[PDB]
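Below you'll find the structure, written out as structure tokens, and then a few comments.
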Amino acid sequence: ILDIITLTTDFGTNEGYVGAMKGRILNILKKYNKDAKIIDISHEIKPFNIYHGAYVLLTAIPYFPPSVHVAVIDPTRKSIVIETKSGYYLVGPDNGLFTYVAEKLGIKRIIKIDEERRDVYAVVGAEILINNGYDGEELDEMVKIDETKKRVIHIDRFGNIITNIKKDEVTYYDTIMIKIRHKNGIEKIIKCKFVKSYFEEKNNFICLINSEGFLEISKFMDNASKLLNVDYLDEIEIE
Amino acid sequence: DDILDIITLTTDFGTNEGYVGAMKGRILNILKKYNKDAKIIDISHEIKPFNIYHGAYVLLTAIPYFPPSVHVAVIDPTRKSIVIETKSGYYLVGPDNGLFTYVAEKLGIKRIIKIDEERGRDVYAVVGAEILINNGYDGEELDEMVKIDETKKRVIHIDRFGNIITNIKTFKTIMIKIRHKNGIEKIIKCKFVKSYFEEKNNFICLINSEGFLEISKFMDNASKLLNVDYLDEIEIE
Amino acid sequence: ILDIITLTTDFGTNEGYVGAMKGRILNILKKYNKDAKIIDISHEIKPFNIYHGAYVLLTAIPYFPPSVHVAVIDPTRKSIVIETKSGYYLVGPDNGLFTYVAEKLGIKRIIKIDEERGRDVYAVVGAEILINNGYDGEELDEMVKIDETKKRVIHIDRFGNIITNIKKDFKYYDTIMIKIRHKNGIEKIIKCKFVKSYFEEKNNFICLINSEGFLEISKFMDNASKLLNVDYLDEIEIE
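Line order of the protein sequences matches chains B, A and C.
The first sequence maps to residues 11 to 86, 91 to 131, 141 to 194, 197 to 264 in PDB author numbering.
The second sequence maps to residues 9 to 86, 91 to 131, 140 to 189, 194 to 196, 200 to 264 in PDB author numbering.
The third sequence maps to residues 11 to 86, 91 to 131, 140 to 191, 195 to 264 in PDB author numbering.
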């Protein structure tokens with residue numbers, strides 16, 4: 011029984027788009043007398059950044075019980095409804111947004127949303152709540168964020184540089202040499218000390234495994250991102 | 009359903025303080041004291057401080073999509093308070109200063125009630149919850165209300181991207204003249220288009236999702252580039 | 011019966027931590043079919059600033075009806095559950111965070127939390151209290167409290183107003202002399218007009234009693250904290 015619907019957008023709160031979305035959903039639900047809880051994950055995803063969105067979805071969703079998750083972030091086409099092994103429904107565009115969250119929870123079926131209607144996502148999400156599921160044209164694959172090439176995965180509110188590299192891929198207190206190439210060609214090489222906490226090796230750059238299992242580059246009381254001029258997608262090379 | 013179950017909140021309180029929480033708290037406190045079950049939705053709390061033009065535009069964009077319900081909006085540079097019942101039963105609670113202008117017009121005003129002393141941020145809250153409990157409101161009626169003049173063409177609101185939205189609801200290189208507050212006038216050339224992608228080299232104007240003529244600049248902030256703010260006069264020619 | 015649970019953090023929403031916390035609680039809640047409202051008080055508390063948090067909690071909570079409140083801000091770990099006279103429960107670090115709210119509501123009992131499980143602990147412990155409508159464990163005698171006898175800066179407004187420790191206990198319109206000692210050591214002396222509204226005396230620095238009953242320093246349409254360069258915990262002396 012589907013009970014929760016979550017929203018994750020890059021709309022911001024300066025506008026009233028998010029509110030509209032809640033209104034639509036809320037309207038449909040009341041018309042079919044379907045009680046459900048609307049939960050906000052985040053509306054501060056950086057405009058058009060599917061990677062940022064992908065990372066926040068990966069961090070929040072797995073902690074919810076089976077439920078519906080609407081995520082609207084697309085720098086513009092294709093849009094899907096994903097069904098997870100355990101029965102989670104992921105509403106949103108087909109551009110990679112759900113890549114990580116999809117793998118984590120397991121893909122059971124990919125159903126293409128058909129134009130029988141932006142505000143599509145909201146409606147589709149509500150529909151899934153009332154009908155407690157969704158049916159439609161099953162699809163072969165889905166657009167997926169290439170996870171083979173190591174790069175800057177996400178950037179913190181503090182400016183910490185979160186990488187692709189998972190704990191299971193990295194051989197403590199040793200000195201690592203991280204190479205970072207920006208999209209424009211400039212290349213930066215730094216020396217980090219793989220530690221356990223943020224309060225360690227305060228004098229230099231440090232890298233540790235964060236609460237999501239990825240190698241992250243940080244600088245005590247600073248903003249490594251701004252210090253290295255590192256942006257999303259920069260190529261990472263450890264050695 | 010003819011039962012009031014939803015109540016939204018729109019403010020310029022921000023989240024740095026606990027005023028928003030205190031408001032949700034008082035609402036909940038009252039709803040419990042009458043075992044009234046209702047959902048509380050936030051539309052936005054990032055309305056620019058004291059800017060009723062920003063609020064009015066946000067309310068217009070979100071409220072129409074909700075089913076009949078109560079909506080508390082608190083943005084006001086210090091007075092006269094009101095409850096507005098729309099045609100389809102919606103209830104708008106807030107200051108009588110033009111805040112509810114656009115939304116009230118699109119939902120049709122059934123009646124405007126005056127809020128007495130009978131009872140402040142924690143005042144629009146009690147009223148909104150009271151409406152939920154009694155499934156309605158009553159008071160001395162008001163003939164007309166304060167309204168944001170929509171006949172004088174000016175900057176309606178400013179996007180998070182810096183886009184300049186005018187209250188111009194046209195025909196078509201457009202030439203737009205702006206009269207800032209101080210009196211200085213600027214004149215720019217816009218390429219009237221359909222999407223934000225077209226004509227990247229120069230300024231562009233277009234009709235946005237809300238239906239108003241909007242000025243923008245590819246991946247940049249027109250508002251800052253032109254130094255345009257709320258209420259600047261617009262003149263197309 | 012406990013039906014409401016509020017969240018107050020310094021997590022922000024650039025990340026999915028707040029979402030994971032909502033899901034976590036919801037998950038436990040849907041596993042005992044316990045229905046409850048998850049209210050958001052604020053997630054924009056300044057990172058590690060417990061003074062900021064303590065102030066927000068004092069402002070919002072007393073207006074709620076008896077319920078549960080999870081507040082997560084701590085630069086560090092001792093964890094507690096404060097039970098109020100009227101049945102409110104405060105859940106979070108024993109570092110002074112709940113100092114003001116605790117006194118206002120009145121303490122019935124402070125219970126230590128046995129690490130038999140930190141983002142998740144407070145979450146789990148909160149839902150748990152909702153499911154059982156109460157808590158139990160080793161009782162603690164006293165908690166850490168923010169020293170309120172030491173006159174200083176309580177909080178800083180979003181406008182930049184300097185909120186002080188001094189409660190509603195000189196006269197109106199008089200000219201108060203205020204000395205402020207920063208952390209660095211330097212002292213600043215300013216003259217203030219004790220008024221009753223932010224609009225009066227738009228020329229000089231003014232001070233007044235804010236909606237929380239505290240003496241506040243403000244400057245019409247300007248940021249008092251930035252102008253005087255005042256930070257949290259700066260010592261305040263009136264003469």
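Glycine included, every Cβ here is placed at the ideal spot set by N, Cα and C.
- [ ] Mind checking who residue 81 of chain B pairs with in its DSSP beta bridge?
- [x] For the purposes of this step, residue 81 of chain B is taken as the residue at position 71 of the first sequence. The partner list for residue 81 of chain B (beta bridge, DSSP) reads B:18.
- [ ] Using three-state DSSP, classify residue 37 of chain C as helix, strand or coil.
- [x] The residue you call residue 37 of chain C lines up with position 27 of the third sequence. Reduced to three states, the DSSP call for residue 37 of chain C is helix.
Open item on the list: Within a Cβ cutoff of 8 Å, which residues of the same chain sit near residue 116 of chain A, ignoring the five residues on either side of it in sequence?
Closed with: Numbered from 1 along the second sequence, position 104 holds the residue referred to as residue 116 of chain A. Result list for residue 116 of chain A: 96, 98, 104 and 165, in chain order.
TODO: Starting from the Cα of residue 11 of chain A, find the closest Cα among B:168, B:31, B:40 and B:218 and give me that residue.
DONE: For this step, residue 11 of chain A is matched to residue 3 along the second sequence. Nearest option by C-alpha distance: B:40.
TODO: Return helix, strand or coil for residue 72 of chain A, following the three-state DSSP convention.
DONE: For this step, residue 72 of chain A is matched to residue 64 along the second sequence. Correct three-state label for residue 72 of chain A: helix.
- [ ] Using a Cβ-Cβ cut-off of less than 7 Å, list which residues of the stretch 27-49 of chain A approach chain C; keep chain order.
- [x] 27, 29, 30, 32, 33, 34, 36, 37 and 40
Task: Residue-chain proximity (residue 245 of chain B, chain C), Cβ-Cβ < 9 Å - done: Position 220 of the first sequence, counted from the first residue, corresponds to residue 245 of chain B. No, because no Cβ of chain C sits closer than 9 Å to the Cβ of residue 245 of chain B.
Task: Spatially closest choice to residue 126 of chain B from B:226, B:118, B:114 and B:109, by CA coordinates - done: Indexing the first sequence from 1 puts residue 126 of chain B at position 112. Of the candidates B:226, B:118, B:114 and B:109, the one whose C-alpha sits nearest the C-alpha of residue 126 of chain B is B:109.
Task: Residue(s) in a DSSP beta bridge with residue 105 of chain A - done: As a first step, residue 105 of chain A is located in the second sequence; it is residue number 93 there, counting from the start. A:80 and A:95.
TODO: Specify the secondary structure class of residue 175 of chain A as computed by DSSP and reduced to three states.
DONE: Residue mapping note: residue 175 of chain A aligns to position 155 of the second sequence, counting from 1. Looking at residue 175 of chain A - three-state DSSP - the assignment turns out to be strand.
Task: chain C within 9 Å of residue 107 of chain A, Cβ atoms only - done: Counted from its first residue, the second sequence places residue 107 of chain A at position 95. Closer than 9 Å: no.
Open item on the list: Just to confirm, is the Cβ distance from residue 15 of chain C to residue 48 of chain C under 9 Å?
Closed with: For the purposes of this step, residue 15 of chain C is taken as the residue at position 5 of the third sequence. For the purposes of this step, residue 48 of chain C is taken as the residue at position 38 of the third sequence. Going by C-beta atoms, residue 15 of chain C is nearer than 9 Å to residue 48 of chain C.
Task: Boundaries of the beta strand (DSSP E) in which residue 206 of chain C is found, first to last residue - done: Within the third sequence, residue 206 of chain C is the residue found at index 181, counting from 1. Segment 200-206, the beta strand (DSSP E) holding residue 206 of chain C.
Task: Residue-level contact to chain B via CB, residue 131 of chain C, 9 Å cutoff - done: The count along the third sequence starts at 1 and reaches residue 131 of chain C at position 117. So, not an interface residue.
- [ ] Output the distance between the C-alpha atoms of residue 159 of chain A and residue 71 of chain B, rounded to the nearest integer angstrom.
- [x] Residue numbering aside, residue 159 of chain A sits at position 139 when the second sequence is read from its first letter. Residue numbering aside, residue 71 of chain B sits at position 61 when the first sequence is read from its first letter. Straight-line Cα distance between these residues: approximately 47 Å.
Open item on the list: According to DSSP, simplified to helix, strand and coil, what is residue 258 of chain A?
Closed with: As a working mapping, residue 258 of chain A is identified with position 231 in the second sequence. DSSP places residue 258 of chain A in coil when its eight states are reduced to three.
TODO: For residue 51 of chain B, go through chain C and note every residue whose CB falls closer than 7 Å to its CB, in chain order.
DONE: The residue labelled residue 51 of chain B in the question sits at position 41 within the first sequence. Within chain C, the residues near residue 51 of chain B are 26 and 29.
Task: Sequence-distant residues of the same chain with beta carbon closer than 8 Å to residue 223 of chain B, five excluded per side - done: As a first step, residue 223 of chain B must be located in the first sequence, where it is residue number 198. Excluding positions up to five away in sequence, the list reads 231, 233, 243 and 245.
Open item on the list: Against chain C, does residue 142 of chain A count as a neighbour if the rule is that its beta carbon must be under 9 Å from one of theirs?
Closed with: Taking the first residue of the second sequence as position 1, residue 142 of chain A is located at position 122. So yes, residue 142 of chain A belongs to the interface.
Task: Cα-Cα separation, residue 77 of chain B to residue 31 of chain A - done: Taking the first residue of the first sequence as position 1, residue 77 of chain B is located at position 67. Taking the first residue of the second sequence as position 1, residue 31 of chain A is located at position 23. The alpha-carbon atoms of residue 77 of chain B and residue 31 of chain A are separated by roughly 29 Å.
Task: 9 Å Cβ cutoff met for residue 113 of chain B and residue 161 of chain B - done: Numbered from its first residue, the first sequence carries residue 113 of chain B at position 99. Numbered from its first residue, the first sequence carries residue 161 of chain B at position 138. No, the Cβ-Cβ distance between residue 113 of chain B and residue 161 of chain B is not below 9 Å.
TODO: Please look up how many angstroms separate the CB atoms of residue 195 of chain C and residue 219 of chain C, rounded, as I've assumed it's under 8 Å.
DONE: If you number the third sequence from 1, residue 195 of chain C lands on position 170. If you number the third sequence from 1, residue 219 of chain C lands on position 194. Right, the Cβ-Cβ distance comes to about 6 Å (below 8 Å), so this counts as a contact.
TODO: Could you tell me whether any Cβ in chain C is nearer than 9 Å to the Cβ of residue 194 of chain A?
DONE: Start at 1 with the first residue of the second sequence, and residue 194 of chain A comes out as number 170. False, the Cβ-Cβ gap to chain C never drops below 9 Å.
Open item on the list: If I follow the unbroken beta strand (DSSP E) through residue 191 of chain C, where does it start and stop?
Closed with: Within the third sequence, numbered from 1, the residue matching residue 191 of chain C stands at position 169. Here residue 191 of chain C belongs to no beta strand (DSSP E), and DSSP marks it neither H nor E.
Open item on the list: Any heavy atom of the ligand PLP closer than 8 Å to the beta-carbon of residue 23 of chain B?
Closed with: Among the components modelled here there is no ligand, and therefore nothing to report on the ligand PLP.
- [ ] Identify which residue in C:239, C:227, C:215 and C:102 has its Cα closest to the Cα of residue 264 of chain C.
- [x] As a position in the third sequence, residue 264 of chain C is number 239, starting the count at 1. The shortest Cα separation from residue 264 of chain C among C:239, C:227, C:215 and C:102 belongs to C:215.
Open item on the list: Mapping the DSSP letters down to three states, classify residue 141 of chain C as helix, strand or coil.
Closed with: Along the third sequence, read from residue 1 onward, the residue named residue 141 of chain C stands at position 119. Helix.
TODO: Return helix, strand or coil for residue 111 of chain B, following the three-state DSSP convention.
DONE: Working through the first sequence from its first residue, we reach residue 111 of chain B at position 97. Of the three classes helix, strand and coil, the one that applies to residue 111 of chain B here is coil, per DSSP.
Task: Whole-Å CB distance - residue 184 of chain A paired with residue 236 of chain A, under 8 Å assumed - done: Within the second sequence, residue 184 of chain A is the residue found at index 164, counting from 1. Within the second sequence, residue 236 of chain A is the residue found at index 209, counting from 1. Contact doesn't hold; Cβ gap of about 15 Å is too wide.
Task: Rounded distance between the beta-carbons of residue 74 of chain C and residue 193 of chain C, thought under 8 Å - done: Chain C lacks the residues between 191 and 195, and residue 193 of chain C is one of those with no coordinates.
Task: Within chain C, the residues that residue 69 of chain A reaches when beta carbons sit closer than 8 Å - done: As a position in the second sequence, residue 69 of chain A is number 61, starting the count at 1. Those do not exist, as residue 69 of chain A stays about 21 Å from chain C at its closest Cβ, beyond 8 Å.
Task: Amino acids of chain A, ordered along the chain, whose beta-carbon sits closer than 8 Å to that of residue 19 of chain B - done: As a working mapping, residue 19 of chain B is identified with position 9 in the first sequence. By Cβ distance, chain A contributes nothing, its closest Cβ being about 12 Å from residue 19 of chain B, past 8 Å.
Open item on the list: residue 203 of chain C and residue 187 of chain C - do their beta-carbons sit closer together than 9 Å?
Closed with: Within the third sequence, the letter at position 165 stands for residue 187 of chain C. Within the third sequence, the letter at position 178 stands for residue 203 of chain C. No, the pair does not count as a contact, with Cβ atoms beyond the cut-off.
Open item on the list: Please state the DSSP three-state secondary structure of residue 250 of chain B.
Closed with: One-based indexing of the first sequence puts residue 250 of chain B at position 225. Residue 250 of chain B: helix per DSSP, three-state reduction.
Open item on the list: Going by the DSSP bridge assignment, what does residue 242 of chain B pair with across the sheet?
Closed with: Looking up residue 242 of chain B in the first sequence gives position 217. Partner(s): B:184 and B:232.
Task: Terminal residues of the beta strand (DSSP E) in which residue 124 of chain B lies - done: For this step, residue 124 of chain B is matched to residue 110 along the first sequence. Residues 121-126.
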